[PDB]
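Undergrad: The structure follows.
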Amino acid sequence: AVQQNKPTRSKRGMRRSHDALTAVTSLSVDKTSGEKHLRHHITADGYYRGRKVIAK
Amino acid sequence: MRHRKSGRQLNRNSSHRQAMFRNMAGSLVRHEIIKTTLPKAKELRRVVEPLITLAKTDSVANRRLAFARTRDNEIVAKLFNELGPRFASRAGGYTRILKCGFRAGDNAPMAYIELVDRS
Amino acid sequence: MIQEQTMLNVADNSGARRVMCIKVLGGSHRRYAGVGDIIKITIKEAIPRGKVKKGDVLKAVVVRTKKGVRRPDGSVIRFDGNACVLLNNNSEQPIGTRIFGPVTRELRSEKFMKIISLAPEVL
RNA sequence: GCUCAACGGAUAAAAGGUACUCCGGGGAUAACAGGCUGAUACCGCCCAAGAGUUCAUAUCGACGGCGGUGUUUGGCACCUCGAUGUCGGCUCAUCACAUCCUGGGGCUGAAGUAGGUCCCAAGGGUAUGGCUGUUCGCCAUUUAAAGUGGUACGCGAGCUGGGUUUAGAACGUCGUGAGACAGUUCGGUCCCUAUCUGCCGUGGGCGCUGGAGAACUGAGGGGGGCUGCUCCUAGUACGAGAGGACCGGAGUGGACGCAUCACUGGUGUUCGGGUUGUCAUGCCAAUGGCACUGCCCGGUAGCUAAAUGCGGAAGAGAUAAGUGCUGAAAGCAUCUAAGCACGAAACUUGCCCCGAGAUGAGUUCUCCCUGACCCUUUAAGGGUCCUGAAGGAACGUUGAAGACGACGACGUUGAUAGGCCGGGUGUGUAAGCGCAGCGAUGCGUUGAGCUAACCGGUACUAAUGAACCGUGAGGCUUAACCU
RNA sequence: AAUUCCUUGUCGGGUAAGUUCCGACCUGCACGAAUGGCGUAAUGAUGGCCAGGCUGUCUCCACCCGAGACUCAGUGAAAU
RNA sequence: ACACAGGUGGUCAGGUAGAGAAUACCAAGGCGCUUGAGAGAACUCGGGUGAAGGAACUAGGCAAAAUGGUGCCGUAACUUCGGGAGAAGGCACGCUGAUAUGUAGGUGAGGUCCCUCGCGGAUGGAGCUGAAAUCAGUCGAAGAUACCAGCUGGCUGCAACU
RNA sequence: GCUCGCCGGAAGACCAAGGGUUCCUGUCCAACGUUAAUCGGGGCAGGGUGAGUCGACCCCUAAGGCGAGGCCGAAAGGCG
RNA sequence: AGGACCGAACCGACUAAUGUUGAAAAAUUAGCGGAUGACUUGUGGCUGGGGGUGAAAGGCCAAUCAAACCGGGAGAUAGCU
Ligand SMILES: [Mg+2]
Ligand SMILES: [Mg+2]
Ligand SMILES: [Mg+2]
Ligand SMILES: [Mg+2]
Ligand SMILES: [Mg+2]
Ligand SMILES: [Mg+2]
Ligand SMILES: [Mg+2]
Ligand SMILES: [Mg+2]
Ligand SMILES: [Mg+2]
Ligand SMILES: [Mg+2]
Ligand SMILES: [Mg+2]
Ligand SMILES: [Mg+2]
Ligand SMILES: [Mg+2]
Ligand SMILES: [Mg+2]
Ligand SMILES: [Mg+2]
Ligand SMILES: [Mg+2]
Ligand SMILES: [Mg+2]
Ligand SMILES: [Mg+2]
Ligand SMILES: [Mg+2]
Ligand SMILES: [Mg+2]
Ligand SMILES: [Mg+2]
Ligand SMILES: [Mg+2]
Ligand SMILES: [Mg+2]
Ligand SMILES: [Mg+2]
Ligand SMILES: [Mg+2]
Ligand SMILES: [Mg+2]
Ligand SMILES: [Mg+2]
Ligand SMILES: [Mg+2]
Ligand SMILES: [Mg+2]
Ligand SMILES: [Mg+2]
Ligand SMILES: [Mg+2]
Ligand SMILES: [Mg+2]
Ligand SMILES: [Mg+2]
Ligand SMILES: [Mg+2]
Ligand SMILES: [Mg+2]
Ligand SMILES: [Mg+2]
Ligand SMILES: [Mg+2]
Ligand SMILES: [Mg+2]
Ligand SMILES: [Mg+2]
Ligand SMILES: [Mg+2]
Ligand SMILES: [Mg+2]
Ligand SMILES: [Mg+2]
Ligand SMILES: [Mg+2]
Ligand SMILES: [Mg+2]
Ligand SMILES: [Mg+2]
Ligand SMILES: [Mg+2]
Ligand SMILES: [Mg+2]
Ligand SMILES: [Mg+2]
Ligand SMILES: [Mg+2]
Ligand SMILES: [Mg+2]
Ligand SMILES: [Mg+2]
Ligand SMILES: [Mg+2]
Ligand SMILES: [Mg+2]
Ligand SMILES: [Mg+2]
Ligand SMILES: [Mg+2]
Ligand SMILES: [Mg+2]
Ligand SMILES: [Mg+2]
Ligand SMILES: [Mg+2]
Ligand SMILES: [Mg+2]
Ligand SMILES: [Mg+2]
Ligand SMILES: [Mg+2]
Ligand SMILES: [Mg+2]
Ligand SMILES: [Mg+2]
Ligand SMILES: [Mg+2]
Ligand SMILES: [Mg+2]
Ligand SMILES: [Mg+2]
Ligand SMILES: [Mg+2]
Ligand SMILES: [Mg+2]
Ligand SMILES: [Mg+2]
Ligand SMILES: [Mg+2]
Ligand SMILES: [Mg+2]
Ligand SMILES: [Mg+2]
Ligand SMILES: [Mg+2]
Ligand SMILES: [Mg+2]
Ligand SMILES: [Mg+2]
Ligand SMILES: [Mg+2]
Ligand SMILES: [Mg+2]
Ligand SMILES: [Mg+2]
Ligand SMILES: [Mg+2]
Ligand SMILES: [Mg+2]
Ligand SMILES: [Mg+2]
Ligand SMILES: [Mg+2]
Ligand SMILES: [Mg+2]
Ligand SMILES: [Mg+2]
Ligand SMILES: [Mg+2]
Ligand SMILES: [Mg+2]
Ligand SMILES: [Mg+2]
Ligand SMILES: [Mg+2]
Ligand SMILES: [Mg+2]
Ligand SMILES: [Mg+2]
Ligand SMILES: [Mg+2]
Ligand SMILES: [Mg+2]
Ligand SMILES: [Mg+2]
Ligand SMILES: [Mg+2]
Ligand SMILES: [Mg+2]
Ligand SMILES: [Mg+2]
Ligand SMILES: [Mg+2]
Ligand SMILES: [Mg+2]
Ligand SMILES: [Mg+2]
Ligand SMILES: [Mg+2]
Ligand SMILES: [Mg+2]
Ligand SMILES: [Mg+2]
Ligand SMILES: [Mg+2]
Ligand SMILES: [Mg+2]
């Protein structure tokens, strides 16, 4: 259940070949407040698709 | 396999889910907007919105049913005196999910679930 | 739906009250036996003065099952117990002379025309 | 002056036990398995004395001879003692053919039926129990048949731990004894999160020479291949009768496999009801919590088998053993040398599935892009500005798709999901009120009320205007056409 | 037979079928009288066997409820 | 060795049901166990239910399942006369009403009498408490309804037993 | 803060033994806490334990220890 | 009355499963035995290594027992690796 040879750092790099993170593609921009947010999420100030959906 | 089934297990047993949605449906009627996780917010629509539809017909029996679902007379009073006539013309869809990002403690995808006629 | 080690009640006046299926005949690895099926049995309980004796080994035809039998409309006819009629080993004709309780239309054939003749009710 | 005889004589002077054990070492040396060998074993063959009424060779085969296999019992001690876990069972198997069944034949001391024997054939199939730790074996009852072997006497980083083989105890037996016994008896810790190969699945990358969306061809690979019984032919052929067919046709099964949920059922802690104890909602009434879902009773969808559909083929090609036709060498004969025909579940096809990473990267159809310039080291070059297509991806709503990716549906021009409305189904006459009753309770309102995943609807809620990726006509060389 | 090698002795019972069990036989390989002999009610987390009830033990598994496994975020080993 | 499912002597002992310090639910009081969030594959873990069959499984009924309470009836071989024995087997069991607006029983006040006189002795029965049984009725599939809570019998080896 | 769940012959309360400031308050979050931490039994600073009757000490002895002299023993020492 | 019976505390450890780099250097879960006695438990004492102690398993004597632990002879010896 354990190895018999030390796997190389080359094999280590090939296993980590798929472990890269995917950056967010494009931030949607609100039409009223003009700030950037995740697509289909509310903004930090509380806007979503123009209207002020939550006070603060 | 999970063919054609419904209802989220939410890593809880059946009595905990029923008691959590009993607390959470009362908390949504009380404050008209709450912030919970996105799977719990989507599953809460199947609890609160049958209670509001129950509240459109103010009978003594329906007060007893809504009390049997919620077990809080303050919620049952708010359902039939306020949210009953507030949603009396809407054909369902009494609430709204607003995804609000990610919780800092555990990266849980959160969401605001609110009533429609709040603001 | 009779298999090995299944106890059965006895549906005729052959002298047995309780027999046990020891082999479902007619095919290798054959699991079950419905009605009309021949089973080799042994006798576990008999009347004191019968045609058969406790410990005899002989054949039997299943005539009633608790699982039941299906008809081509989709209907099914279930009984409350498992019942079989004893047969001879060689001539394979029934030993008793009077069949007790009902039987089914699946039983009737050129092979078991005698048993449905003697049955009080054929469903 | 020593049978110091273990005779180059360890001392004048010395026996045992250890399964309670321990250390140093050895594969220098045993037990397991491999290896080598093949006496033995098993399987063939040669000669033919005889048996077989006669008749060696239908079937047998004495005396003897020659081989094969690696398969038993062994031989050897080459690998391993700084560890290669062992009998049997279980669960997966896989190969051989010296074939148990089914298939094709030859001969028969083959009437038929049923056999004997040998040849071809490995496609598929190839019991359940009783006893015993058993393999084996005997026995019971099946079956078309219950094949023989290889696989570390296949398989313990898959399971078991009954046997063997630790420490306890006992019997018989042996010993003065400690103890010992392939003698028995009762009891007795089975570890490992998988790096690589392998395998089962499922993705990312890039390639296939402009890019993109599809539909394909099929190089190749895999799956599958079992069989009973009854009826007809026909009581015909055969036979003294008893009995009883080939060939051909039809039906119905067993086992196995694939699919499915319409039926019959199971489950159905998300639906309904009953009920016990207790606590709470001010109390009554009515509910809820907890007690394995408290304990039950039913049960929707889904998933399911025991449920019910379907499958194994037919056919074709080339054959094995075999059977021939014509026909010489060899005036005859002869299946073969030339030529031709037939011949099996094997072989290649036919059936099903995967499948162009088939780098030999294929084919078809459709869609998309028709800008300017700088550069020096001038070339399949580098850059700037303009441009951003077809499409994709991401995000969201999600799915009878799913570990995750993937795949499919949908995103307002919208039924994708939730809700809602209606229906269905399930449960079984809610609550409240009234009546009857001393009361428990009964009756009426009432097939009431509630009803999950189902069916048909419905934009009520959530599926955003965008942005992002992908570009800007696509090398060389000939050839054939086009002007 | 906790003792019996031959041995699965033979016979009987039980079972469709019983190397175990129970009852006999005696041919005690290799019982035997306080390293006690033979019985024995009661008792035993004791050994073997049989029957009834019971059942997923099994034919042959199906579904469901939860805890992991799987995905994300945080921390972060080990034998070799 | 750990903010470790372990170990650690004494004292306190509420309610309802119950024989009970069992057990279920609670009071006073104290906690939610120092990673979460999803998903709802195989497989493993701990459970639930199961058609038909019912030990065919297996070394072996291992494990599961089943039995389970109280009262009454009834109970074998054998025996050291104690046992065996809860042998086995069976019946009853809820609620309401009546007997009895709460009985039998328990408790025991005023009142009266007596007295060596007091924290006295009679008498007296108010009030409180309260089984158990019978009869009648009534509800459910099921009344020891949950938790809790013996599987039973036959033969035999060995050891008397705790 | 409001609900929900759990223990309740304990997972509540009081001690002995043992530990030794973990107590309370302010402040801090590097390390420690199997994650984050504003929180903590963590760091830092301050505060906190009041007895004629509780307990110990003390008076008394048990098992036992030590033991003037003594007896015994190469020495050490043993016993009393 | 009882080395009586059933059964919690308490004491024990028969069976199975889990666990086996564990929560745990022997435990958990569901069952199980004893449970007025040869019972169990607190505190304190005493017995010392060829010695103790042992309802006897070569058991136990500080996670160590066919002769404990620590220090010393001591760099024992090792024809062995
Ligand atoms: Mg190596
Ligand atoms: Mg990775
Ligand atoms: Mg759905
Ligand atoms: Mg989780
Ligand atoms: Mg519960
Ligand atoms: Mg010598
Ligand atoms: Mg010499
Ligand atoms: Mg050694
Ligand atoms: Mg060697
Ligand atoms: Mg060898
Ligand atoms: Mg030879
Ligand atoms: Mg001849
Ligand atoms: Mg010959
Ligand atoms: Mg010969
Ligand atoms: Mg070999
Ligand atoms: Mg050879
Ligand atoms: Mg050999
Ligand atoms: Mg040599
Ligand atoms: Mg080797
Ligand atoms: Mg070795
Ligand atoms: Mg090695
Ligand atoms: Mg051959
Ligand atoms: Mg032949
Ligand atoms: Mg093959
Ligand atoms: Mg084969
Ligand atoms: Mg082949
Ligand atoms: Mg073929
Ligand atoms: Mg057998
Ligand atoms: Mg071999
Ligand atoms: Mg092997
Ligand atoms: Mg084999
Ligand atoms: Mg093995
Ligand atoms: Mg063993
Ligand atoms: Mg011994
Ligand atoms: Mg030996
Ligand atoms: Mg790819
Ligand atoms: Mg093929
Ligand atoms: Mg065929
Ligand atoms: Mg169906
Ligand atoms: Mg359906
Ligand atoms: Mg059903
Ligand atoms: Mg159910
Ligand atoms: Mg169903
Ligand atoms: Mg209740
Ligand atoms: Mg009430
Ligand atoms: Mg509660
Ligand atoms: Mg509770
Ligand atoms: Mg063919
Ligand atoms: Mg010629
Ligand atoms: Mg010719
Ligand atoms: Mg041909
Ligand atoms: Mg429309
Ligand atoms: Mg919808
Ligand atoms: Mg409806
Ligand atoms: Mg209906
Ligand atoms: Mg009503
Ligand atoms: Mg109700
Ligand atoms: Mg209805
Ligand atoms: Mg619809
Ligand atoms: Mg003997
Ligand atoms: Mg013997
Ligand atoms: Mg048996
Ligand atoms: Mg016998
Ligand atoms: Mg047996
Ligand atoms: Mg005997
Ligand atoms: Mg003796
Ligand atoms: Mg003697
Ligand atoms: Mg004795
Ligand atoms: Mg992670
Ligand atoms: Mg902790
Ligand atoms: Mg109490
Ligand atoms: Mg308790
Ligand atoms: Mg924790
Ligand atoms: Mg699961
Ligand atoms: Mg169950
Ligand atoms: Mg069943
Ligand atoms: Mg049912
Ligand atoms: Mg049933
Ligand atoms: Mg068996
Ligand atoms: Mg078996
Ligand atoms: Mg058991
Ligand atoms: Mg049980
Ligand atoms: Mg015996
Ligand atoms: Mg004893
Ligand atoms: Mg400190
Ligand atoms: Mg503090
Ligand atoms: Mg502080
Ligand atoms: Mg920080
Ligand atoms: Mg930290
Ligand atoms: Mg501090
Ligand atoms: Mg004092
Ligand atoms: Mg003294
Ligand atoms: Mg002195
Ligand atoms: Mg002294
Ligand atoms: Mg006692
Ligand atoms: Mg002990
Ligand atoms: Mg326990
Ligand atoms: Mg007891
Ligand atoms: Mg010993
Ligand atoms: Mg020790
Ligand atoms: Mg010593
Ligand atoms: Mg020594
Ligand atoms: Mg020295
Ligand atoms: Mg040294």
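Residue numbering restarts at 1 for every chain of the structure tokens, chains are lettered A, B, ... in their displayed order, and ligands are numbered from 1 as they appear.
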Can you list, as a PDB file with N, CA, C and O atoms (P, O5', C5', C4', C3', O3' and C1' of nucleotides), in the first residue's frame, every protein, DNA or RNA residue that comes within 10 Å of residue 41 (chain H) when you count only C-alpha atoms (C1' of nucleotides), leaving out same-chain residues fewer than 3 positions away?

TA:
ATOM      1  P     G F   9     -14.301   5.403  41.946  1.00  0.00           P
ATOM      2  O5'   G F   9     -14.785   5.600  43.443  1.00  0.00           O
ATOM      3  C5'   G F   9     -14.145   4.897  44.492  1.00  0.00           C
ATOM      4  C4'   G F   9     -14.027   5.724  45.744  1.00  0.00           C
ATOM      5  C3'   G F   9     -15.276   6.435  46.216  1.00  0.00           C
ATOM      6  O3'   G F   9     -16.201   5.584  46.860  1.00  0.00           O
ATOM      7  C1'   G F   9     -13.456   7.908  46.346  1.00  0.00           C
TER       8        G F   9
ATOM      9  P     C H  10     -21.790   2.398  38.458  1.00  0.00           P
ATOM     10  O5'   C H  10     -21.005   1.360  39.366  1.00  0.00           O
ATOM     11  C5'   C H  10     -20.353   1.770  40.554  1.00  0.00           C
ATOM     12  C4'   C H  10     -20.009   0.589  41.418  1.00  0.00           C
ATOM     13  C3'   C H  10     -19.068  -0.430  40.801  1.00  0.00           C
ATOM     14  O3'   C H  10     -17.710  -0.066  40.902  1.00  0.00           O
ATOM     15  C1'   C H  10     -20.910  -1.541  41.762  1.00  0.00           C
ATOM     16  P     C H  11     -16.701  -0.420  39.713  1.00  0.00           P
ATOM     17  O5'   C H  11     -16.486  -1.987  39.846  1.00  0.00           O
ATOM     18  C5'   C H  11     -15.686  -2.525  40.882  1.00  0.00           C
ATOM     19  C4'   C H  11     -15.778  -4.026  40.926  1.00  0.00           C
ATOM     20  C3'   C H  11     -15.337  -4.759  39.675  1.00  0.00           C
ATOM     21  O3'   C H  11     -13.938  -4.907  39.566  1.00  0.00           O
ATOM     22  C1'   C H  11     -17.402  -5.627  40.394  1.00  0.00           C
TER      23        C H  11
END

Undergrad: List as a PyMOL selection string the protein and nucleic acid residues near residue 389 (chain D), meaning an atom at most 9 Å away when only C-alpha atoms (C1' of nucleotides) are counted, but skip any in the same chain fewer than 5 places from it.

TA: chain D and resi 368-369+471-472

Undergrad: Write out as number ranges by chain all residues of region 11-71 of chain C that backbone DSSP assigns to strand (DSSP E).

TA: C: 16-24, 38-46, 57-64, 69-70

Undergrad: Just the residues within 9 Å of residue 67 (chain F), please, counting only C-alpha atoms (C1' of nucleotides), with nothing from its chain fewer than 2 positions along; format it as a PDB file with N, CA, C and O atoms (P, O5', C5', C4', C3', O3' and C1' of nucleotides), in the first residue's frame.

TA:
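This went into selection_37.pdb:
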ATOM      1  P     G F 150     -35.280  -9.964  30.185  1.00  0.00           P
ATOM      2  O5'   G F 150     -36.295 -11.105  29.767  1.00  0.00           O
ATOM      3  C5'   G F 150     -35.946 -12.035  28.762  1.00  0.00           C
ATOM      4  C4'   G F 150     -35.651 -13.374  29.364  1.00  0.00           C
ATOM      5  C3'   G F 150     -35.372 -14.499  28.394  1.00  0.00           C
ATOM      6  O3'   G F 150     -34.039 -14.503  27.919  1.00  0.00           O
ATOM      7  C1'   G F 150     -36.888 -15.229  30.040  1.00  0.00           C
ATOM      8  P     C F 151     -33.701 -14.172  26.385  1.00  0.00           P
ATOM      9  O5'   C F 151     -34.583 -15.182  25.536  1.00  0.00           O
ATOM     10  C5'   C F 151     -34.406 -16.588  25.601  1.00  0.00           C
ATOM     11  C4'   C F 151     -35.707 -17.288  25.315  1.00  0.00           C
ATOM     12  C3'   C F 151     -35.810 -18.730  25.759  1.00  0.00           C
ATOM     13  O3'   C F 151     -36.116 -18.856  27.130  1.00  0.00           O
ATOM     14  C1'   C F 151     -36.628 -18.517  23.555  1.00  0.00           C
ATOM     15  P     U F 152     -35.497 -20.058  27.992  1.00  0.00           P
ATOM     16  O5'   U F 152     -36.409 -21.301  27.627  1.00  0.00           O
ATOM     17  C5'   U F 152     -37.808 -21.263  27.846  1.00  0.00           C
ATOM     18  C4'   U F 152     -38.502 -22.375  27.112  1.00  0.00           C
ATOM     19  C3'   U F 152     -37.917 -23.759  27.298  1.00  0.00           C
ATOM     20  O3'   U F 152     -38.277 -24.363  28.521  1.00  0.00           O
ATOM     21  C1'   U F 152     -38.364 -23.400  25.016  1.00  0.00           C
TER      22        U F 152
END

Undergrad: Using only C-alpha atoms (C1' of nucleotides), determine which residues of chain C fall within 10 Å of chain E; present them as a ChimeraX atom specification.

TA: /C:3-4,20,22,31-32,40-43,55-58

Undergrad: Residues within 9 Å of residue 39 (chain A), please, as a VMD selection string. Count only C-alpha atoms (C1' of nucleotides); anything in the same chain fewer than 2 positions from it doesn't count.

TA: (chain A and resid 26 to 29 36 to 37 41 to 42) or (chain D and resid 395 to 396 464)

Undergrad: Determine, using only C-alpha atoms (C1' of nucleotides) and all ligand atoms, which residues of chain H have any atom at most 9 Å from an atom of ligand 98, and tabulate each with its shortest atom pair and distance in Å to one decimal place, rows ordered by chain and then rising number, as JSON lines.

TA:
{"residue": "H:5", "atom": "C1'", "partner": "ligand 98", "partner_atom_place_in_ligand_line": "1 (Mg)", "distance": 8.0}
{"residue": "H:6", "atom": "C1'", "partner": "ligand 98", "partner_atom_place_in_ligand_line": "1 (Mg)", "distance": 6.3}
{"residue": "H:7", "atom": "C1'", "partner": "ligand 98", "partner_atom_place_in_ligand_line": "1 (Mg)", "distance": 5.7}
{"residue": "H:33", "atom": "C1'", "partner": "ligand 98", "partner_atom_place_in_ligand_line": "1 (Mg)", "distance": 8.7}
{"residue": "H:34", "atom": "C1'", "partner": "ligand 98", "partner_atom_place_in_ligand_line": "1 (Mg)", "distance": 6.7}
{"residue": "H:35", "atom": "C1'", "partner": "ligand 98", "partner_atom_place_in_ligand_line": "1 (Mg)", "distance": 5.5}

Undergrad: Could you state the separation of CA of residue 83 (chain C) and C1' of residue 141 (chain D) in Å, given to one decimal place?

TA: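 Distance reported for this atom pair: 21.1 Å.
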
Undergrad: Which residues of chain B are close to chain D, meaning at most 8 Å apart when you count only C-alpha atoms (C1' of nucleotides), and how do they look as an NGL selection string?

TA: :B and (1-7 or 14 or 42 or 45-46 or 49 or 60-61 or 64 or 67-68 or 71 or 90-97)

Undergrad: Just want the residues within 10 Å of ligand 92, written as a ChimeraX atom specification, counting only C-alpha atoms (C1' of nucleotides) and all ligand atoms.

TA: /G:61-67

Undergrad: When the cut-off is 8 Å and you count only C-alpha atoms (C1' of nucleotides) and all ligand atoms, which residues lie near ligand 16, shown as a PyMOL selection string?

TA: chain D and resi 37-38+70

Undergrad: Take the residues that were just selected and, keeping C-alpha atoms (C1' of nucleotides), output them as a PDB file, in the first residue's frame.

TA:
ATOM      1  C1'   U D  37      15.087 -34.684 -13.610  1.00  0.00           C
ATOM      2  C1'   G D  38      11.149 -38.294 -15.052  1.00  0.00           C
ATOM      3  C1'   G D  70       4.974 -32.882 -16.409  1.00  0.00           C
TER       4        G D  70
END

Undergrad: For ligand 29, return the neighbouring residues as a PyMOL selection string (distance at most 10 Å; only C-alpha atoms (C1' of nucleotides) and all ligand atoms).

TA: chain D and resi 33+70-72+150-153

Undergrad: What would the file look like if the residues just selected were written as a PDB file, in the first residue's frame with N, CA and C atoms (P, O5', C5', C4', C3', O3' and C1' of nucleotides)?

TA:
ATOM      1  P     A D  33       4.633 -27.815  -2.298  1.00  0.00           P
ATOM      2  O5'   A D  33       4.705 -26.798  -3.507  1.00  0.00           O
ATOM      3  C5'   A D  33       3.630 -25.918  -3.763  1.00  0.00           C
ATOM      4  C4'   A D  33       4.131 -24.605  -4.289  1.00  0.00           C
ATOM      5  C3'   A D  33       5.137 -24.698  -5.413  1.00  0.00           C
ATOM      6  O3'   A D  33       4.542 -24.935  -6.668  1.00  0.00           O
ATOM      7  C1'   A D  33       5.921 -23.186  -3.797  1.00  0.00           C
ATOM      8  P     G D  70       4.279 -30.810 -20.693  1.00  0.00           P
ATOM      9  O5'   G D  70       4.270 -30.823 -19.108  1.00  0.00           O
ATOM     10  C5'   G D  70       3.043 -30.848 -18.397  1.00  0.00           C
ATOM     11  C4'   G D  70       3.169 -31.561 -17.077  1.00  0.00           C
ATOM     12  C3'   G D  70       3.942 -30.812 -15.998  1.00  0.00           C
ATOM     13  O3'   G D  70       3.386 -31.125 -14.728  1.00  0.00           O
ATOM     14  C1'   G D  70       4.974 -32.882 -16.409  1.00  0.00           C
ATOM     15  P     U D  71       2.105 -30.337 -14.181  1.00  0.00           P
ATOM     16  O5'   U D  71       0.999 -31.471 -14.071  1.00  0.00           O
ATOM     17  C5'   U D  71       0.166 -31.563 -12.924  1.00  0.00           C
ATOM     18  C4'   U D  71       0.187 -32.923 -12.295  1.00  0.00           C
ATOM     19  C3'   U D  71       1.572 -33.535 -12.131  1.00  0.00           C
ATOM     20  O3'   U D  71       1.650 -34.185 -10.868  1.00  0.00           O
ATOM     21  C1'   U D  71       0.180 -35.009 -13.346  1.00  0.00           C
ATOM     22  P     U D  72       2.247 -33.397  -9.609  1.00  0.00           P
ATOM     23  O5'   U D  72       1.857 -34.325  -8.384  1.00  0.00           O
ATOM     24  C5'   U D  72       0.509 -34.695  -8.169  1.00  0.00           C
ATOM     25  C4'   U D  72       0.404 -36.146  -7.792  1.00  0.00           C
ATOM     26  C3'   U D  72       1.463 -36.647  -6.832  1.00  0.00           C
ATOM     27  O3'   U D  72       1.173 -36.324  -5.487  1.00  0.00           O
ATOM     28  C1'   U D  72       1.214 -38.180  -8.612  1.00  0.00           C
ATOM     29  P     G D 150      -3.497 -29.801 -11.896  1.00  0.00           P
ATOM     30  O5'   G D 150      -2.990 -28.580 -12.770  1.00  0.00           O
ATOM     31  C5'   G D 150      -1.875 -28.762 -13.613  1.00  0.00           C
ATOM     32  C4'   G D 150      -1.602 -27.587 -14.493  1.00  0.00           C
ATOM     33  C3'   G D 150      -1.539 -26.247 -13.812  1.00  0.00           C
ATOM     34  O3'   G D 150      -0.328 -26.028 -13.123  1.00  0.00           O
ATOM     35  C1'   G D 150      -2.836 -26.060 -15.737  1.00  0.00           C
ATOM     36  P     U D 151      -0.348 -25.584 -11.585  1.00  0.00           P
ATOM     37  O5'   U D 151      -0.752 -24.057 -11.646  1.00  0.00           O
ATOM     38  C5'   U D 151      -0.046 -23.167 -12.482  1.00  0.00           C
ATOM     39  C4'   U D 151      -0.923 -22.037 -12.938  1.00  0.00           C
ATOM     40  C3'   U D 151      -1.375 -21.092 -11.863  1.00  0.00           C
ATOM     41  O3'   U D 151      -0.335 -20.218 -11.489  1.00  0.00           O
ATOM     42  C1'   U D 151      -3.185 -21.593 -13.282  1.00  0.00           C
ATOM     43  P     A D 152      -0.078 -19.790  -9.966  1.00  0.00           P
ATOM     44  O5'   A D 152      -0.041 -21.132  -9.132  1.00  0.00           O
ATOM     45  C5'   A D 152       1.174 -21.855  -9.022  1.00  0.00           C
ATOM     46  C4'   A D 152       1.648 -21.978  -7.597  1.00  0.00           C
ATOM     47  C3'   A D 152       0.620 -21.733  -6.498  1.00  0.00           C
ATOM     48  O3'   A D 152       0.914 -22.627  -5.432  1.00  0.00           O
ATOM     49  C1'   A D 152       2.464 -20.353  -6.153  1.00  0.00           C
ATOM     50  P     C D 153      -0.253 -23.280  -4.565  1.00  0.00           P
ATOM     51  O5'   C D 153      -0.206 -24.816  -4.967  1.00  0.00           O
ATOM     52  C5'   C D 153      -0.210 -25.230  -6.323  1.00  0.00           C
ATOM     53  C4'   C D 153      -1.184 -26.347  -6.534  1.00  0.00           C
ATOM     54  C3'   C D 153      -2.565 -26.107  -5.957  1.00  0.00           C
ATOM     55  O3'   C D 153      -3.386 -25.377  -6.846  1.00  0.00           O
ATOM     56  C1'   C D 153      -1.788 -28.256  -5.335  1.00  0.00           C
TER      57        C D 153
END

Undergrad: List every residue of chain A that has an atom at most 12 Å from any atom of chain D, giving for each one its closest atom pair and the distance in Å to one decimal, counting only C-alpha atoms (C1' of nucleotides), sorted by chain and then by ascending residue number, as a Markdown table.

TA:
| residue | atom | partner | partner_atom | distance |
| --- | --- | --- | --- | --- |
| A:1 | CA | D:194 | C1' | 4.8 |
| A:2 | CA | D:195 | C1' | 6.5 |
| A:3 | CA | D:195 | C1' | 4.4 |
| A:4 | CA | D:195 | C1' | 7.2 |
| A:5 | CA | D:195 | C1' | 7.4 |
| A:6 | CA | D:195 | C1' | 7.7 |
| A:7 | CA | D:195 | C1' | 6.8 |
| A:8 | CA | D:195 | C1' | 10.4 |
| A:11 | CA | D:195 | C1' | 10.3 |
| A:12 | CA | D:195 | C1' | 10.7 |
| A:14 | CA | D:205 | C1' | 11.7 |
| A:15 | CA | D:195 | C1' | 11.8 |
| A:17 | CA | D:204 | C1' | 9.4 |
| A:18 | CA | D:204 | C1' | 7.2 |
| A:19 | CA | D:204 | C1' | 10.6 |
| A:20 | CA | D:204 | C1' | 11.4 |
| A:22 | CA | D:394 | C1' | 10.6 |
| A:23 | CA | D:394 | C1' | 10.6 |
| A:24 | CA | D:394 | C1' | 8.3 |
| A:25 | CA | D:468 | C1' | 5.7 |
| A:26 | CA | D:467 | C1' | 5.6 |
| A:27 | CA | D:467 | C1' | 7.1 |
| A:28 | CA | D:467 | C1' | 6.5 |
| A:29 | CA | D:466 | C1' | 7.8 |
| A:30 | CA | D:465 | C1' | 9.3 |
| A:31 | CA | D:465 | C1' | 8.0 |
| A:32 | CA | D:465 | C1' | 11.5 |
| A:36 | CA | D:467 | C1' | 11.0 |
| A:37 | CA | D:467 | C1' | 11.8 |
| A:38 | CA | D:395 | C1' | 8.7 |
| A:39 | CA | D:395 | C1' | 6.1 |
| A:40 | CA | D:396 | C1' | 6.6 |
| A:41 | CA | D:396 | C1' | 9.8 |
| A:42 | CA | D:464 | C1' | 11.9 |
| A:48 | CA | D:464 | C1' | 9.5 |
| A:49 | CA | D:464 | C1' | 6.7 |
| A:50 | CA | D:464 | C1' | 9.9 |
